[PDB]
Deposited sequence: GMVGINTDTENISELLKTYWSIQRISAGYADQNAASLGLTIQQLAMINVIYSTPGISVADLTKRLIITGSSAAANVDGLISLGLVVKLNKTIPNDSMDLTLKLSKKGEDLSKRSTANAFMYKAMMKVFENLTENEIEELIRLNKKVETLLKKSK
């Protein structure tokens, strides 16, 4: 390899960024198939992880405005995907059964699997094994 560690790092970071950008498109399609925007889906997922979370904390955790978060919350309540834990930014929420079912469905992204499946048909078994092992090595080395 002629290139420096620095040029190699750039190439790797550009490559990962490009994969992540393509992956975001498939993440959009998966959201769309559930009838939601990616932002609506992110909100449902936060509420799934943190039942009883307040709107104030939900907003901050999504890094969005209160007016847009309050509109989005209102929209998810309209769809029967979330429920108010007190029906009297201080509002607390949890998912309805319908909200949980969609959140779970979102975990399996059928669009990304079909796409990666096509990629694998054009990789050798040794490349697949190595691709997995080397990225996992990078991940683990990054974690420390």
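- In sequence order, the gaps in C-alpha coverage of the deposited chain fall at 1-3, 92-96, 153-154.
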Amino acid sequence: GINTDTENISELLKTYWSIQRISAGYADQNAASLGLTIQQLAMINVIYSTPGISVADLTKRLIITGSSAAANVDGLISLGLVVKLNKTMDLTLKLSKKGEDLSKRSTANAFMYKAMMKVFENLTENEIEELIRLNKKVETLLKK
From here on, numbers count along this sequence of modelled residues.
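- Stretches 93-101 and 61-69 differ in mean C-alpha B factor, with the higher average recorded for 61-69.
- The entry assigns its greatest Cα B factor, within the set 56, 76, 36, 43, to 56.
- Per-chain ranking of the deposited C-alpha B factor places residue 141 in the middle third.
- Ranked by C-alpha B-factor against the other modelled residues of its chain, residue 85 falls in the highest third.
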